[PDB]
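*Asks:* Chains as they are written, first to last, in the authors' numbering: chain A, 3 to 239; chain B, 3 to 241; chain A', 3 to 239; chain B', 3 to 241. A prime marks a further copy of an entry chain.
In this text, a Cβ means the ideal position worked out from N, Cα and C, and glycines have one as well.
#1: In chain A, which residues lie with their C-beta within 8 Å of the C-beta of residue 221/A'?
#2: Quick one: give me the first and last residue of the beta strand (DSSP E) that residue 123/B is part of.
#3: Evaluate residue 53/A with the Cβ neighbour count: other Cβ atoms within 10 Å of its Cβ, from every protein chain shown; 16 or more gives buried, anything less gives exposed.
#4: Could you confirm whether any beta carbon from chain B' is found closer than 7 Å to the beta carbon of residue 54/A?
#5: Listing by chain order, which chain A residues have their CB less than 7 Å from the CB of residue 120/B'?
#6: Can you give me the start and stop residues for the beta strand (DSSP E) that residue 13/A' sits inside?
#7: For residue 200/A versus residue 224/A, is the C-beta spacing smaller than 7 Å?
#8: Below 8 Å, can you find three or more Cβ-Cβ pairs linking the region 103-110 of chain B' to the region 207-224 of chain A'?
#9: Counting only runs of 4+ residues fully inside the region 176-204 of chain B', write out the alpha helix (DSSP H) ranges in chain order.
#10: Jot down the residue ranges of each uninterrupted alpha helix (DSSP H) in the region 46-95 of chain B', minimum 4 residues, whole runs only, in chain order.
#11: Output the distance between the C-alpha atoms of residue 210/B' and residue 173/A', rounded to the nearest integer angstrom.
#12: Is residue 210/A helix, strand or coil by DSSP?
#13: Can the beta-carbon of residue 45/A be found closer than 7 Å to that of residue 82/B'?
#14: Figure out for me which residue from 234/A, 20/A, 129/A, 11/A has the closest Cα to the Cα of residue 5/A.
#15: I'd like to check one pair, residue 170/A with residue 226/A: are the Cβ atoms closer than 7 Å?
#16: Using the beta-carbon of each residue, which ones in chain D are nearer than 7 Å to residue 206/B'?
#17: Among 43/B, 56/B, 163/B, 94/B, whose alpha-carbon lies nearest the alpha-carbon of residue 114/B?
#18: Note down, in chain order, all residues in the region 29-63 of chain A with a beta-carbon under 7 Å from any beta-carbon belonging to chain B.
#19: When you compare only the Cα positions, how much space is there between residue 127/A' and residue 141/A'?
#20: Taking only three categories from DSSP, how would you classify residue 31/A'?
#21: Mind checking whether residue 221/B' and residue 182/B' have CB atoms under 7 Å apart?
#22: List the residues of chain A whose Cβ lies closer than 9 Å to the Cβ of residue 14/B, in chain order.
#23: Using a C-beta cutoff of 7 Å, does residue 126/A' count as contacting chain B'?
#24: Rounding to the nearest angstrom, what Cα-Cα distance links residue 219/B' and residue 185/B' in this structure?
#25: Considering only the beta carbon of each residue, do residue 74/A' and residue 95/A' sit closer than 7 Å?
#26: Which residues in chain A' sit within 9 Å of residue 20/A, going by Cβ to Cβ distance?
#27: I'd like the list of long-range same chain contacts for residue 87/B', defined as Cβ closer than 6 Å, with 5 residues on each side in sequence excluded.
#28: Please name the residue in 116/A, 237/A, 120/A, 204/A whose C-alpha comes closest to that of residue 77/A.
#29: Look at residue 60/B' and residue 195/B' and say whether their C-beta atoms are less than 7 Å apart.
#30: With a threshold of 16 other CB atoms inside 10 Å of the CB of residue 99/A', please say whether the residue is buried or exposed.
#31: Among 70/A, 193/A, 41/A, 12/A, which has the Cα closest to the Cα of residue 122/A?
#32: To the nearest angstrom, report how far apart residue 189/B and residue 237/B are at their CA atoms.
#33: If you draw a straight line from the C-alpha of residue 252/B' to the C-alpha of residue 49/B', how long is it?
#34: Using alpha carbons as the reference points, say which of 18/A', 11/A', 20/A' lies closest to residue 30/A'.
#35: Please state the DSSP three-state secondary structure of residue 157/B'.
#36: Report yes or no: is there a C-beta of chain A' within less than 7 Å of the C-beta of residue 85/B?
Take a look at the structure:
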């Protein structure tokens with residue numbers, strides 16, 4: 003395990019506009035507390051699914067707890083990394099183009115993925131680095147497919163600040179416009195709670211709502227497992 | 003009534019692709035069994051965020067029973083109809099832009115709605131058309147309250163196939179690859195059950211699956227408001 | 003002609019969110035200088051092409067010259083008008099839902115357009131209204147198809163403030179990123195000039211550039227007829 | 003060289019729709035005449051915002067001369083290849099994701115580019131393949147300056163059809179309906195001339211037509227950098 007060991011000495015050849023800029027491993031980690039999470043590759047489903055958004059979303063919190071930088075590492079080059087960083091809207095994390103797989107290799111995390119045509123790429127994992135020394139490491143289990151149950155941002159947060167209480171998961175079925183929907187949305191914002199809004203537009207239809215909740219209309223809200231109800235039930239509880 | 007009578011001969015000016023395409027009345031109805039339901043207008047409070055949806059939802063069933071096409075008719079033009087069809091996203095039904103009110107008029111269903119600023123529009127009604135001949139017609143009553151007490155898709159289905167008993171609502175959260183999801187989904191296939199699918203790639207993410215099912219993985223299956231579980235769980239239910 | 007005549011007395015049934023709001027003809031025009039332009043209908047090509055954008059773009063200027071409000075009138079209802087107003091991004095103009103064609107009829111501008119399936123709609127025209135009295139009117143000629151050579155915002159501006167000198171038309175071929183392209187773009191902004199950027203992305207390819215300019219690359223800039231050149235030619239002139 | 007030799011047997015893992023699709027080497031080359039050109043990588047400065055474009059531009063011509071398919075090969079995966087294909091928008095060419103460098107390696111064209119952080123990538127080259135057998139190959143020289151002095155589409159065309167003389171560049175501004183535009187366009191059709199089209203509906207507006215041609219209406223036709231005019235004008239030119 004790399005825990006307790008010094009992060010590999012790597013110099014990344016990056017691009018910032020039309021100019022090349024070498025970002026060194028020391029520059030990134032020395033005298034700093036950094037969170038890192040590697041992905042198999044740029045422009046993909048489970049990686050852009052939540053692994054990435056979720057980290058950008060909790061970045062302000064990690065900062066509040068001492069984390070200086072939160073990096074995303076992928077065995078891709080800058081051109082591709084940038085083009086992806088631009089597609090994703092994540093202004094809270096730095097993209098590291100480990101295109102030669104050097105850093106990933108040094109982390110003993112380089113794996114072959116020829117069955118997808120990705121050549122050698124990084125295995126999914128996250129870690130906390132204090133002054134270049136790997137403190138904690140969350141290596142996704144060796145299971146087939148695309149495992150994601152340990153490198154997530156939450157697991158990291160609970161590890162970094164277990165005191166911070168785990169906020170309940172919040173999903174909300176809403177119809178565009180729909181008066182009382184906005185009455186639950188902003189009520190959440192006002193309550194300062196994050197949530198996933200499944201819109202009856204392109205995400206789901208009315209079936210799901212009726213199949214999941216039973217009720218025949220929106221807005222439907224479920225908070226961490228338990229079923230809430232209408233904008234008027236949200237209020238109550 | 004128009005029951006037993008031939009549907010009006012109308013040529014609709016529509017917009018297919020970035021070009022104009024004339025869709026004739028004969029083309030739509032000749033030698034075909036069609037379901038039709040008119041609406042006062044596009045984007046107006048559909049008055050039932052379920053009316054148009056429910057038809058699109060039961061379309062597969064109507065097809066199973068002989069209906070060739072299910073059309074939505076509104077006294078609007080194609081530009082507006084298309085922009086709306088792109089909203090409602092109801093892939094199972096054709097949108098007919100009776101923008102001159104010609105077809106609606108011929109059906110003796112043209113009514114004035116100047117009190118809403120809609121000019122002349124269609125009155126709410128549905129009908130079954132066999133080879134151009136209006137077979138059945140469900141003309142909405144002039145009663146306050148639910149605007150669709152008779153032209154709804156259900157009333158139509160019960161009429162066309164009273165034998166039929168709609169399956170309970172089925173929703174399943176899935177992900178790409180996930181063979182478990184496939185095992186769960188095949189099970190449904192091999193059960194004559196329909197099922198909406200919320201893909202973790204786009205339709206949603208992990209947050210939603212945790213929130214709704216209180217579980218940490220997919221597939222998560224819901225049937226009729228009750229939570230069932232995953233591939234494994236379904237099989238127990240279907241035993 | 004309606005010039006010198008009082009605008010029709012109409013009350014429009016509009017929608018603002020989930021509530022109905024009557025907007026009266028007097029409310030709009032009384033004691034006010036208003037610019038108006040009617041369209042055959044909402045959600046269409048030549049109407050959303052430039053007729054509408056161009057008016058929203060020059061609105062600040064019309065205001066600077068005394069125009070209080072700039073209205074878009076179409077024989078459509080509010081639901082459709084709003085849904086369109088939301089699609090178009092024009093925060094400088096008011097949308098008037100003349101769904102009964104009443105106002106349009108009063109303006110003697112109601113025409114039949116059954117050949118498109120639009121039923122009765124408005125004929126394209128713009129006008130300047132001072133305290134409810136039509137001052138000037140630019141009625142598009144009676145030609146087949148969809149005529150647009152008189153109701154435009156420019157014709158209006160030149161009429162309202164002929165002193166204001168006509169700014170030259172500016173189109174620019176650019177490649178995404180393309181260093182020197184941004185060197186012409188913002189140079190224009192800095193120069194305070196409006197322009198149409200044809201991007202080699204989805205608008206055009208390299209052929210057009212080579213067919214129009216001749217030069218083999220971007221950024222290509224043409225200002226009112228005459229061919230400019232490279233970001234470095236723009237500078238010179 | 004690989005000239006006269008059979009192309010490597012490779013199965014490419016690609017992404018068609020939201021599903022995986024194996025595209026085999028045989029499927030691409032067997033019983034077909036194919037043009038291929040490899041690139042160091044996707045999104046990298048294509049080094050010639052014309053290289054990839056020019057192939058897509060001359061594709062119709064290559065088809066006219068027997069070429070069935072024109073492929074772009076890069077040591078990238080489909081996710082990246084697709085996201086790039088969606089950028090470049092080159093409808094006339096197939097994108098091959100040689101993400102394991104397998105095909106490139108087999109062509110003895112795999113080179114290291116660690117100095118850019120690209121790991122192993124393909125070296126610039128194009129080739130003509132007849133029924134799996136490499137017929138001709140244009141391997142780029144190790145000279146500074148223009149990165150494509152031999153693998154370009156033109157060099158290929160002149161080789162495949164030296165008889166051919168590419169038509170001058172033709173661009174025309176048009177609008178929907180505008181019969182004049184159609185008259186101008188038909189004229190080109192009836193002339194074996196290709197022409198890009200900037201539609202006033204999307205590709206652009208009136209501003210651009212004024213700016214570029216100093217005219218107030220469409221159609222405005224440009225041929226080889228010279229301004230020609232409209233339907234009327236073209237006819238004079240084609241007399």
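*Replies:* Answer, in terms of the structure:
#1: Along the third chain, read from residue 1 onward, the residue named residue 221/A' stands at position 219. Near residue 221/A' there are no residues of chain A at all, since even the closest Cβ is about 14 Å away, more than 8 Å.
#2: What you label residue 123/B is simply residue 121 of the second chain in a count that begins at 1. First-last of the beta strand (DSSP E) with residue 123/B: 122-124.
#3: Here residue 53/A refers to the residue found at position 51 when the first chain is read from its first residue. With 16 or more other Cβ atoms within 10 Å, it is buried.
#4: Numbered from 1 along the first chain, position 52 holds the residue referred to as residue 54/A. Chain B', which has no Cβ nearer than 7 Å to the Cβ of residue 54/A, makes this no.
#5: Sequence index remark: in the fourth chain, residue 120/B' carries index 118 (1-based). The answer, in chain order, is 79, 101.
#6: Counted from its first residue, the third chain places residue 13/A' at position 11. Looking at the DSSP string, the run of the beta strand (DSSP E) that includes residue 13/A' is 13-18.
#7: Taking the first chain and counting its residues from 1, one reaches residue 200/A at position 198. Taking the first chain and counting its residues from 1, one reaches residue 224/A at position 222. No, these two residues do not count as a Cβ contact at 7 Å.
#8: no
#9: 181-191
#10: 53-66, 80-90
#11: Position 208 of the fourth chain, counting from 1, holds the residue named residue 210/B'. Position 171 of the third chain, counting from 1, holds the residue named residue 173/A'. Rounded to the nearest angstrom, the two C-alpha atoms are 5 Å apart.
#12: In the first chain, counting from the first residue as 1, residue 210/A sits at position 208. Residue state, collapsed to three classes: helix.
#13: Residue mapping note: residue 45/A aligns to position 43 of the first chain, counting from 1. Residue mapping note: residue 82/B' aligns to position 80 of the fourth chain, counting from 1. Going by C-beta atoms, residue 45/A is nearer than 7 Å to residue 82/B'.
#14: Locating residue 5/A in the first chain gives position 3, counting from the first residue. Among 234/A, 20/A, 129/A, 11/A, the Cα nearest to that of residue 5/A is on 129/A.
#15: Mapped onto the first chain, residue 226/A falls at position 224. Mapped onto the first chain, residue 170/A falls at position 168. Taking 7 Å as the Cβ cut-off, residue 226/A and residue 170/A qualify as a contacting pair.
#16: Reference to chain D is not applicable here, since the protein chains of this structure are A, B, A' and B'.
#17: Translated into the one-based positions of the second chain, residue 114/B becomes position 112. Of 43/B, 56/B, 163/B, 94/B, the residue nearest in Cα terms is 43/B.
#18: 47, 51, 52
#19: Residue numbering aside, residue 127/A' sits at position 125 when the third chain is read from its first letter. Residue numbering aside, residue 141/A' sits at position 139 when the third chain is read from its first letter. Rounded to whole angstroms, residue 127/A' to residue 141/A' spans 4 Å at the Cα level.
#20: Locating residue 31/A' in the third chain gives position 29, counting from the first residue. In the structure shown, residue 31/A' sits in a helix (DSSP, three-state: H, G or I).
#21: Numbered from 1 along the fourth chain, position 219 holds the residue referred to as residue 221/B'. Numbered from 1 along the fourth chain, position 180 holds the residue referred to as residue 182/B'. Yes, these two residues count as a Cβ contact at 7 Å.
#22: Taking the first residue of the second chain as 1, we reach residue 14/B at position 12. Neighbours of residue 14/B on chain A: none; closest Cβ ~27 Å, over 9 Å.
#23: Sequence index remark: in the third chain, residue 126/A' carries index 124 (1-based). Chain B', which has no Cβ nearer than 7 Å to the Cβ of residue 126/A', makes this no.
#24: Residue 219/B' sits at position 217 when you count from the first residue of the fourth chain. Residue 185/B' sits at position 183 when you count from the first residue of the fourth chain. Those two C-alpha atoms are separated by around 14 Å.
#25: To locate residue 74/A', count along the third chain from 1; it is residue 72. To locate residue 95/A', count along the third chain from 1; it is residue 93. A contact, by the Cβ cut-off of 7 Å.
#26: Within the first chain, the letter at position 18 stands for residue 20/A. Going along chain A' in sequence order, the residues near residue 20/A (Cβ under 9 Å) are 179, 181.
#27: Locating residue 87/B' in the fourth chain gives position 85, counting from the first residue. Around residue 87/B': 97.
#28: As a first step, residue 77/A is located in the first chain; it is residue number 75 there, counting from the start. Of 116/A, 237/A, 120/A, 204/A, the residue nearest in Cα terms is 120/A.
#29: Against the fourth chain, residue 60/B' aligns to sequence position 58. Against the fourth chain, residue 195/B' aligns to sequence position 193. No. Outside cutoff.
#30: Along the third chain, one-based indexing puts residue 99/A' at 97. Per the 10 Å Cβ criterion, buried.
#31: Sequence index remark: in the first chain, residue 122/A carries index 120 (1-based). With distances taken between Cα atoms, residue 122/A lies closest to 41/A.
#32: Reading the second chain from its first residue, position 187 is the one you call residue 189/B. Reading the second chain from its first residue, position 235 is the one you call residue 237/B. Using only the alpha carbons, I get a separation of about 7 Å.
#33: Here chain B' covers residues 3 to 241 and nothing more, so residue 252/B' does not appear.
#34: Here residue 30/A' refers to the residue found at position 28 of the third chain. Per the Cα distances, 11/A'.
#35: Your numbering for residue 157/B' matches position 155 in the fourth chain. Helix.
#36: Position 83 of the second chain, counted from the first residue, corresponds to residue 85/B. For residue 85/B, the answer is yes, since a Cβ of chain A' falls inside 7 Å of its Cβ.
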